[PDB]
Amino acid sequence: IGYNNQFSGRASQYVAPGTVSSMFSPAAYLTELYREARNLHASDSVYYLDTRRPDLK
Amino acid sequence: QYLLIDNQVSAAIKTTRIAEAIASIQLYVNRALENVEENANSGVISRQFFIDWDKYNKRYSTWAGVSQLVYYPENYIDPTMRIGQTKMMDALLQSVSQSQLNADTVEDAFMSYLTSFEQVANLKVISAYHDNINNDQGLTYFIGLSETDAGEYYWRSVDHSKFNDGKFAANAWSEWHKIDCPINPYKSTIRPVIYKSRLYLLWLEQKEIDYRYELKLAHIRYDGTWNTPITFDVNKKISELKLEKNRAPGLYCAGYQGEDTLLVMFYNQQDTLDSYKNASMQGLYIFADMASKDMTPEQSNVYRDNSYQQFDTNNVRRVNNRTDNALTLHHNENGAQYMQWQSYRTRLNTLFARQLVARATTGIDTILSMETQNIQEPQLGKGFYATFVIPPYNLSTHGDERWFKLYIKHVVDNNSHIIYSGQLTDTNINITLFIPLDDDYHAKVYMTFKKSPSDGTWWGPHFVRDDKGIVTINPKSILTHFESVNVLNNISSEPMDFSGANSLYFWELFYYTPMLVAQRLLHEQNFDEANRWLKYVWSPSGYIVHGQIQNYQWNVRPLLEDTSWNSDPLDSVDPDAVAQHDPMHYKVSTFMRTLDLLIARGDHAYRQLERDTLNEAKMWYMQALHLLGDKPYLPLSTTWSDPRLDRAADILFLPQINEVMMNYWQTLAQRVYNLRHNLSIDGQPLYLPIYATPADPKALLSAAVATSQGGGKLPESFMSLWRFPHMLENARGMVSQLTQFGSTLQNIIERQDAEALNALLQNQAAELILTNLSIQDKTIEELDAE
Amino acid sequence: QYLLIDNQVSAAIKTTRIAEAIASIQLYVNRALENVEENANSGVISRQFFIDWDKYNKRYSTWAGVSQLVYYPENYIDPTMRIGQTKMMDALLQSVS
Amino acid sequence: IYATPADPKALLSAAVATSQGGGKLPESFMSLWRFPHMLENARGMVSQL
Amino acid sequence: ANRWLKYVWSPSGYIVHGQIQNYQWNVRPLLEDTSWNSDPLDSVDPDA
Amino acid sequence: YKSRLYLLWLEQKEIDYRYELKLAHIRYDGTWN
Amino acid sequence: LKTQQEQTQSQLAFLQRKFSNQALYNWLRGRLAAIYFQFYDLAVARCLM
Amino acid sequence: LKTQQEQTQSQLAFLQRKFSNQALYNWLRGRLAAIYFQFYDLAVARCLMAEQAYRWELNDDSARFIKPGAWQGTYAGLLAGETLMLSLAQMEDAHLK
Amino acid sequence: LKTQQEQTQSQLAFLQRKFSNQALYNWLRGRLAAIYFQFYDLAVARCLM
């Protein structure tokens, strides 16, 4: 009947808000930002991201 | 610009390492988008991530904000404000708005929503076009046609950004929008295309006089009104093709990525897609300004090579776009229309609209019953209905940490093809599903347990078609993992599927609207009415329906199933679509609206500042707690692998704690603490009389007679802030406005009846001039006789 | 909830013996009415006392007030404001008005 | 450095307003005026309209 | 707005109904001239 | 019924003498459905 | 007389084309009616205020 | 009867001479229509201005009142003024509360 | 001619159905008349004030 009996058990362990491991933490916007953006240019073309700044890898 | 970092900045600017990494990538992305950097992949710029780049993804503040807006739709989505509500809902809110809110008024509302919805619900679907170069994104558009002689071709958008696992979010669908200009295409040739980022649809209609060939193309004005079409002469082009009467010339409308040049393509429909390659094909270019440039056999060929398999063989149809199997309309003999690209099938027509209206016309409680939702729909094409029963553990007693998924393969192992996905449990959870049959073996179920799946070559439960009315399991390997996998024969139907295309109207009618009237009631402060209105959705003690009692507590079915928080919280940044596709969020939203009803009563009794009523406040606050139950202890946990970002680009970060829902617990603790310690609603202490002085004999009376006469309309926490002279100048001004609306409406009505008079007269004038005409004829006949 | 009295309150809250008895019964009644307690007699919940439980009987202030309003109608009833006047009377006040 | 995320909800109302129609958005604003006056002024405007 | 000026001037030129063309000015009089004239006319009309 | 005033009247339209009933209820304004 | 019928139906057709026709006023009474009642809920609120 | 036709055409001629004729009203609807729509762009600007001032006085920016679209392309945008005027009414209410 | 009578009575029937009919205006004059006179009692009160 409670909130806990149902509606509960998503996601297993939760993280405090300020942490670099949150889903909303800038290491994420960084993360998904990069996973989306690495592919804009051909692996050859000079604009290629990982060719510019190899260390974002 | 090349290295994406300022070397000129003041040295006094302190910024984080990965914050500056962020600004780097954001600069890069922005430059691909304003397109200062020469060739940027147009498959990736077309991804959904960059269609939200402008409003959302371009900032940590918004992307975070909207990411929270999504990850907890429970806190935010409102029946009042939600993306993508159908027009019919608009007219509904209007019709109910225009009179005081209560059952009957809402009955009328629903009979209108349904008497309109019946026109559309089952609608023959003809052609379809897809946008994005990939099937995972972009928009698909359809073309419907009215069953009635009047054509009224309707068009309906749909998104695959909202398509997660085998289910559109039911909010990805537009309503059918009527096309104004009546037209008469030849056969099914009318086809839409996106061109100049705007919806076009071209229909070749050949006015006979020797059988003509020409086409007509037209497009859309922001209001939806359509501009008058445009002609091209294909007599020579189509004429070159072999015909008979099976002629249904191939129309392939292809959008070039840029410069706005449309690709139209004429082929003959061949029975097979395979040896079809290198067959002859004709095409014409349509440039930004309208010009027809016929295509050279070499050009037409090079466009074939990547084009074919987006257009289709005899009796079946595919979709066009800028696995890549396109997608296939199917209209079967059971009369159910749908779309299939991957083995996914999605019903876009619902046949019980008439029954639904009828059932609604009786009463409000007839349409919103659970049993109104159990009315079955014909199944999608072929396919094999079955139910699966599995114990929660594998590989061990403790087994996996959290969840599973269960798949199905195809001929020569095309794909694992997710159908259902599920979680750990105590109970084994018999679950029922539909298994598509499209045509050694027929179907088999792979299950992924997230740690040690068996995944054995063959293995699986086996299902065997071709026995013509009977499909049974021969396990031949497993079911060691699966308790009982039970075919159910003689079920050709399913209770109306809210993953279907008209599912949206079903969310509006069953779920959002009672929520809308429990909100619009709670605002008003008449609580037991609002309560009932949520009890159209969720109640403890379940429901006693027309007799005995039933177990389910959720009156809305999608809520009644699921109960399992899905692994992936979808995509596409629609706080709505991330529910609907995951109805848990509406169960917990309904839950929260309930607690807002109990906390609501609890304040309104709390603020009475009368001892007895503070006790009342305490029974309601206790009742909220007893409803929530124990505040769960969520173990904030730091175990972090410090990942190289390269690795984190693997398609993992832990969720946040969800304050607001906890905010319920600690705010209840706060209120109560303030009751026990006699502190009132803020901490501001009160000294109340033990025996409060009785209210005025008379004030009670005027209150009562006002109740008898009509309306609640009572100010509740008020006396407001303003002195009488000002509050009266303000109210008075208000009324003077209201009287102007009065006059102008009276004028609307006088004028309205005056109109219908003029019309009714002209209709009578015709009706008479007929008879008088016939008289005149007969008197000519009497001149014959003379 | 069972014993109908707070054992968690601040010890600095002073209340009367039968005042606290009152709050007890009021909590009980309220719970029968919101119906958190399983089987409550539907002959008695239907009594007139609980149809006024919501507007009147649920508070010493009102129940007292309205009880005085009743026990001396001489002081209060008005030909202008009274429960239950027929429509015909409405049209009458209009026509004379 | 890391700006606080915008309200979950403010983003939402913004969005639904986008779906329904029009940009018509005030861009550099909140203007200079208090609500009672800005509302008497807007109201007068509408009465004209 | 950008698009609306691209009815007039754009870098990268125009890809019109197919391949691409060199001119960056969609309005022709602009496309010719390119030469500041010797006499800046007369008649005090900022337009003329 | 449903805390709302209903009234049911069986009126049998003849054609052998029919038996059927008709039930209807009240809208807050008193207009009947 | 068939010309007379022709005329009748061209008039009756002009009644269904003209902007100000009945269809409009139905629409405009619907919308104006909702705005009117709602505005009555508000105005009676401030009256009781 | 040729006199009757004469009369008809003198009337029909007076319809095209008189100042108030159809040509006028076409003109005057054109101009008045432009003034009306434009004035709607302005008035909705100031409506969103008040709303803005209100989301700032009251703290929350979530409050959203003036609703697009209140302008109907068909029906010539009639009853736009009042639909706004409703919005401001509501927003003055939500303020006062 | 019996069609002509039919038409007459369908019109005369539309007169008793339409919302704006005479019955209304009787009602609305009654109510508006009471509001008018009463408001005159008030306004003459404040005039003498």
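Hey, can you tell me all the residues within segment B:292-315 that are farther than 21 Å from B:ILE133 by Cβ and surrounded by 13 or more Cβ atoms within 10 Å (Cβ to Cβ)?
To start, the set of residues in segment B:292-315 that are farther than 21 Å from B:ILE133 by Cβ comprises B:292-294, B:296-298, B:313-315.
If the condition is that a residue be farther than 21 Å from B:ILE133 by Cβ and surrounded by 13 or more Cβ atoms within 10 Å (Cβ to Cβ), then B:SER292, B:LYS293, B:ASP294, B:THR313 are the ones that fit.
Give me the pairs, please: first residue somewhere in segment A:33-54 and more than 7 Å from chain B (Cβ to nearest Cβ), second residue anywhere and among the small types (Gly, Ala, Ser) and loosely packed, with under 14 Cβ neighbours inside 10 Å, beta-carbon distance under 6 Å, and either six or more positions apart or on two chains.
none
Considering B:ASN246, B:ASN227, B:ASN235, B:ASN268, which residue is farther than 23 Å from B:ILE133 by Cα, out of contact with any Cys (no Cβ under 8 Å at 6 or more places or on another chain) and either of a type in the set (A, V, I, L, M, F, W, C) or buried (at least 18 other Cβ atoms within 10 Å of the Cβ) (or both)? Even if it seems obvious, please write down each step before you answer.
Details: B:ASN246 fails: either of a type in the set (A, V, I, L, M, F, W, C) or buried (at least 18 other Cβ atoms within 10 Å of the Cβ) (or both); B:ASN227 fails: either of a type in the set (A, V, I, L, M, F, W, C) or buried (at least 18 other Cβ atoms within 10 Å of the Cβ) (or both); B:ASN235 fails: either of a type in the set (A, V, I, L, M, F, W, C) or buried (at least 18 other Cβ atoms within 10 Å of the Cβ) (or both).
That would be B:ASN268, the only listed residue that is farther than 23 Å from B:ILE133 by Cα, out of contact with any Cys (no Cβ under 8 Å at 6 or more places or on another chain) and either of a type in the set (A, V, I, L, M, F, W, C) or buried (at least 18 other Cβ atoms within 10 Å of the Cβ) (or both).
Among what's in segment H:50-60 and is buried (at least 17 other Cβ atoms within 10 Å of the Cβ) and farther than 17 Å from B:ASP78 by Cβ, pick the residue that is farthest from the other protein chains (Cβ to nearest Cβ).
So in segment H:50-60, the residues buried (at least 17 other Cβ atoms within 10 Å of the Cβ) come out as H:50-55.
Keeping just the survivors that are farther than 17 Å from B:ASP78 by Cβ gives H:50-54.
Numbers: H:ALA50: 4, H:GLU51: 9, H:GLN52: 5, H:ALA53: 4, H:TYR54: 5 Å.
Looking at the filtered set, the residue picked out is H:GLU51.
So if I check each of B:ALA360, B:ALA386, which one is under 30 Å from F:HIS25 (Cα atoms), of a type in the set (A, V, I, L, M, F, W, C) and buried (at least 18 other Cβ atoms within 10 Å of the Cβ)? If you could, list the steps in order and put the result at the bottom.
Details: B:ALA386 fails: under 30 Å from F:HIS25 (Cα atoms).
Matching residue, one of B:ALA360, B:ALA386: B:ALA360.
How many of the residues making up segment B:165-176 are more than 30 Å from B:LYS405 (Cβ to Cβ) and in contact with a strand residue (DSSP E or B) (Cβ under 6 Å, 6 or more places away or on another chain)? Talk me through it step by step, then tell me what you get.
First, the residues of segment B:165-176 that are more than 30 Å from B:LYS405 (Cβ to Cβ): B:174-176.
Now narrow it down to the ones that are in contact with a strand residue (DSSP E or B) (Cβ under 6 Å, 6 or more places away or on another chain): B:174, B:176.
Residues in segment B:165-176 being more than 30 Å from B:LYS405 (Cβ to Cβ) and in contact with a strand residue (DSSP E or B) (Cβ under 6 Å, 6 or more places away or on another chain): 2 in total.
It is to be established whether one or more residues within segment D:22-35 are assigned to a helix (DSSP H, G or I) and of a type in the set (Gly, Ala, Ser). So that I can check it myself, show each step before the final result.
Taking segment D:22-35 first, the residues assigned to a helix (DSSP H, G or I) are D:35.
Restricting the remaining residues to those that are of a type in the set (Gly, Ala, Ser) gives none.
Among the residues of segment D:22-35, not one is assigned to a helix (DSSP H, G or I) and of a type in the set (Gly, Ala, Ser), which makes the answer no.
What's the total number of residues in segment E:2-47 that are surrounded by 10 or more Cβ atoms within 10 Å (Cβ to Cβ), hydrophobic (A, V, I, L, M, F, W, C) and more than 10 Å from the chain's Cα centre (by Cα)?
Going through segment E:2-47 one residue at a time, the tally reaches 4.
Within the set of pairs 6+ apart or on separate chains, which have a first residue in segment A:1-29 that is farther than 18 Å from B:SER567 by Cβ and at the interface with chain B (Cβ under 7 Å from one of its Cβ atoms), a second that is acidic (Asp, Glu) and assigned to a loop (DSSP other than H, G, I, E, B), and C-beta atoms under 7 Å apart?
Every condition considered, the pairs that remain are A:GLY2/B:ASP630; A:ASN4/B:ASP630.
Conditions (1) surrounded by fewer than 13 Cβ atoms within 10 Å (Cβ to Cβ); (2) within 11 Å of chain D (Cβ to nearest Cβ); (3) among the acidic types (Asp, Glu), marked per residue:
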position	(1), (2), (3)
H:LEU1	yes, no, no
H:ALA13	yes, no, no
H:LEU24	yes, no, no
H:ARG31	yes, no, no
H:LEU48	no, yes, no
H:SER62	no, yes, no
H:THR74	no, no, no
H:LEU78	no, no, no
H:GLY81	no, yes, no
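So is B:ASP223 under 39 Å from the mean Cα position of the chain (by Cα), under 30 Å from D:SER19 (Cα atoms) and assigned to a loop (DSSP other than H, G, I, E, B) or not?
Yes.
Give B:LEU273, B:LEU217, B:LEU263 a once-over and let me know the one that is within 14 Å of another protein chain (Cβ to nearest Cβ), of a type in the set (A, V, I, L, M) and closer than 30 Å to B:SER46 by Cα.
On the way: B:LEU273 fails: within 14 Å of another protein chain (Cβ to nearest Cβ); B:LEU217 fails: within 14 Å of another protein chain (Cβ to nearest Cβ).
Answer to the check: B:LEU263.
List every residue pair whose Cβ atoms lie under 7 Å apart, where the two residues are 6 or more positions apart in sequence or sit on different chains, the first residue falls within segment B:687-711 and is more than 7 Å from chain C (Cβ to nearest Cβ), and the second residue, located anywhere, is not aliphatic (A, V, I, L, M).
Within 7 Å, the pairs are B:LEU688/B:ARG611.
Which ones in segment B:48-86 are within 7 Å of another protein chain (Cβ to nearest Cβ), assigned to a loop (DSSP other than H, G, I, E, B) and either over 19 Å from the mean Cα position of the chain (by Cα) or of a type in the set (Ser, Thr, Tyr) (or both)?
Kept after step one, since they are within 7 Å of another protein chain (Cβ to nearest Cβ), are these residues of segment B:48-86: B:49, B:60-69, B:71, B:75-76, B:81-84.
Checking which are assigned to a loop (DSSP other than H, G, I, E, B) leaves us with B:76, B:81-84.
Matches in segment B:48-86: B:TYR76 only.
Just to be sure I understand, how many residues within segment B:467-477 are within 36 Å of the chain's Cα centre (by Cα) and exposed (fewer than 13 other Cβ atoms within 10 Å of the Cβ)? Give the steps one after another, and end with the answer.
Just the residues of segment B:467-477 that are within 36 Å of the chain's Cα centre (by Cα), to begin with: B:469-473.
From what is left, the residues that are exposed (fewer than 13 other Cβ atoms within 10 Å of the Cβ) are B:469-470, B:472.
Residues in segment B:467-477 being within 36 Å of the chain's Cα centre (by Cα) and exposed (fewer than 13 other Cβ atoms within 10 Å of the Cβ): 3 in total.
Say whether the condition of being of a type outside the set (A, V, I, L, M, F, W, C), on the phi < 0 side of the Ramachandran plot and surrounded by fewer than 18 Cβ atoms within 10 Å (Cβ to Cβ) is met by at least one residue in segment B:568-580.
Yes, segment B:568-580 contains a residue that is of a type outside the set (A, V, I, L, M, F, W, C), on the phi < 0 side of the Ramachandran plot and surrounded by fewer than 18 Cβ atoms within 10 Å (Cβ to Cβ).
The rows are residues; the columns are (1) within 22 Å of G:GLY30 (Cβ to Cβ); (2) touching a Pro at 6+ places or on another chain (Cβ under 9 Å); (3) part of a helix (DSSP H, G or I).
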| site | (1), (2), (3) |
| --- | --- |
| H:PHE14 | no, no, yes |
| H:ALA33 | no, no, yes |
| H:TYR40 | yes, no, yes |
| H:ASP61 | no, no, no |
| H:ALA70 | yes, no, no |
| H:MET85 | yes, no, yes |
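Of the numbered conditions (1) within 27 Å of D:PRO36 (Cβ to Cβ); (2) of a type in the set (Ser, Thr, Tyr); (3) out of contact with any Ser or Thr (no Cβ under 6 Å at 6 or more places or on another chain); (4) not in a helix (DSSP H, G or I), H:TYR54 fails exactly one; give the number of that condition.
So the condition that H:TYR54 fails would be (4).
Identify, by number, the condition in (1) more than 7 Å from chain G (Cβ to nearest Cβ); (2) surrounded by 14 or more Cβ atoms within 10 Å (Cβ to Cβ); (3) of a type in the set (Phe, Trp, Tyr) that B:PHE741 doesn't meet.
Tallying (1) more than 7 Å from chain G (Cβ to nearest Cβ); (2) surrounded by 14 or more Cβ atoms within 10 Å (Cβ to Cβ); (3) of a type in the set (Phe, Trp, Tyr), B:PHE741 fails exactly one: (1).
State yes or no: is B:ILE45 outside any loop (DSSP other than H, G, I, E, B), more than 30 Å from G:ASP41 (Cβ to Cβ) and either in contact with a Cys (Cβ under 8 Å, 6 or more places away or on another chain) or among the β-branched types (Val, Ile, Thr) (or both)?
On the way: outside any loop (DSSP other than H, G, I, E, B): no; more than 30 Å from G:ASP41 (Cβ to Cβ): yes; either in contact with a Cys (Cβ under 8 Å, 6 or more places away or on another chain) or among the β-branched types (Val, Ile, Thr) (or both): yes.
So B:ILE45 does not fit the description; no.
Can you go through H:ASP41, H:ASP60 and tell me which one is among the charged types (D, E, K, R) and more than 15 Å from D:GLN48 (Cβ to Cβ)? Give the derivation first.
Working: H:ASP41 fails: more than 15 Å from D:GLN48 (Cβ to Cβ).
Unique residue meeting the criteria: H:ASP60.
Closer than 19 Å to D:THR4 by Cα and surrounded by fewer than 18 Cβ atoms within 10 Å (Cβ to Cβ) - does that describe any residue in segment B:60-68? Before you say what the answer is, go through the steps one by one.
Step one: filter segment B:60-68 for residues closer than 19 Å to D:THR4 by Cα, giving B:60-68.
Among the residues that remain, those that are also surrounded by fewer than 18 Cβ atoms within 10 Å (Cβ to Cβ) are: B:61.
Yes, the conditions are met somewhere in segment B:60-68.
It is to be established whether one or more residues within segment B:745-755 are more than 7 Å from every other protein chain (Cβ to nearest Cβ) and in contact with a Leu (Cβ under 9 Å, 6 or more places away or on another chain).
So far as segment B:745-755 goes, yes, one or more of its residues are more than 7 Å from every other protein chain (Cβ to nearest Cβ) and in contact with a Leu (Cβ under 9 Å, 6 or more places away or on another chain).
Among the strands (runs of 3 or more DSSP E) lying completely within segment B:359-451, list those that include at least 2 residues that are among the β-branched types (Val, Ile, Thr). Write out each step before concluding.
Values: elements: B:376-378, B:384-389, B:403-406, B:420-423, B:431-435.
Of the strands (runs of 3 or more DSSP E) lying wholly inside segment B:359-451, those with at least 2 residues that are among the β-branched types (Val, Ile, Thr) span B:384-389, B:431-435.
For segment B:583-592, state whether one or more residues are touching a strand residue (DSSP E or B) at 6+ places or on another chain (Cβ under 6 Å) and in a helix (DSSP H, G or I).
Of all residues in segment B:583-592, those touching a strand residue (DSSP E or B) at 6+ places or on another chain (Cβ under 6 Å) come to B:590.
Narrowing the set further to residues that are in a helix (DSSP H, G or I) leaves B:590.
The answer is yes, given that some residue of segment B:583-592 is touching a strand residue (DSSP E or B) at 6+ places or on another chain (Cβ under 6 Å) and in a helix (DSSP H, G or I).
Note that each Cβ is placed from the backbone with ideal geometry, even for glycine, and that neighbours are counted across all protein chains shown. Every number in this text was worked out from the coordinates using simple rules, so none of it is lab data.
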